[PDB]
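Next up: a single chain in structure tokens, the form deposited in one PDB entry.
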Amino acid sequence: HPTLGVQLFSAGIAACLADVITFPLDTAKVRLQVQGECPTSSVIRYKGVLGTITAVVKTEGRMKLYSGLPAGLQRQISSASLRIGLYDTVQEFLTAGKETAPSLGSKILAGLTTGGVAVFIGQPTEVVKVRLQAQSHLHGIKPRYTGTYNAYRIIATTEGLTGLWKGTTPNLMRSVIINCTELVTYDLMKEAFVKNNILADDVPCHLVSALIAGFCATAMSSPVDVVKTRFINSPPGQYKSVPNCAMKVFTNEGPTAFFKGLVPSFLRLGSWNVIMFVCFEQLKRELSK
């Protein structure tokens, strides 16, 4: 009984720690993705991870990198505690049904179940996080929120409670793409290395193939993550639909635009997952005692 509570608590705390550390990368990712959208811009102003971060620090200030952070922490507590903490339980449920799918298929189906539930519960916090990360006093549309709790109050009043779930469907599509692509690519890359005797079947080969899988999952996620960030950030009526947003991005900016923010997106995915997994294991083990 108590180990489930330890699993949930450990996943929540470990996700909060990883989110705090990675969060400047998230703001750089979002600002690179929204940068293409920004109307009437005469030139780009964010390029590179460190160039974006330094531009924001110099003009807007260091706290602006964090600007969405309380909604990030709320996302880690509500969404990531359920997503990561319940994974073992759902994989156990599927292992009791182990005739129904391969081990890879069971890992995928547990990931898709817990990720879908966690994305649905998470979505208000992502709408607030993204809107606060994208907004600037020196770009685009005027800032409309004085931080996280004001963002919730204003979105819920202006757009209704339904409005806080804006962009659920691209976020589901992104999380499905991440989970499927990362699991498939990891197992295929491990097979490729070991079966051809390219690397020893030991922790180095697993870490290398996990890096390759996490990159490929970020790459596949990226078009959907750009359209997600733009659709979530957009005031009402700017995009008639999510496919309208994707069509506009492709039509004016072209196919390179969908990848915008790819490098900070990958760096955050990898660094967040590493810090989260290390802290989750260490805290789960220590608290279990």
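What we label the rigid core is the largest C-alpha set whose atoms superpose within 1.5 Å from one form to the other. Numbers follow the displayed sequence, beginning with 1.
Absent from the display: the form deposited in another entry. The rest refers to it.
- Here the rigid core is superposed between this form and the one not shown, and of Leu50, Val57, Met247, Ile44 the C-alpha of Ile44 is the only one to shift by 2 Å or more.
- Comparing the forms between this form and the one not shown, the C-alpha position of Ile155 differs by less than 2 angstroms, with the core used for superposition.
- After superposing the rigid core, the Cα of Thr100 is displaced by 2 Å or more between this form and the one not shown.
- For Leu86, a C-alpha deviation of 2 angstroms or more is recorded between this form and the one not shown after rigid-core alignment.
- Whereas the displayed form keeps them at a certain spacing, the CA atoms of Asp26 and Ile84 lie at least 3 angstroms farther apart in the other entry.
- The distance between the CA atoms of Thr40 and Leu138 is at least 3 Å shorter in the other entry than in the form shown here.
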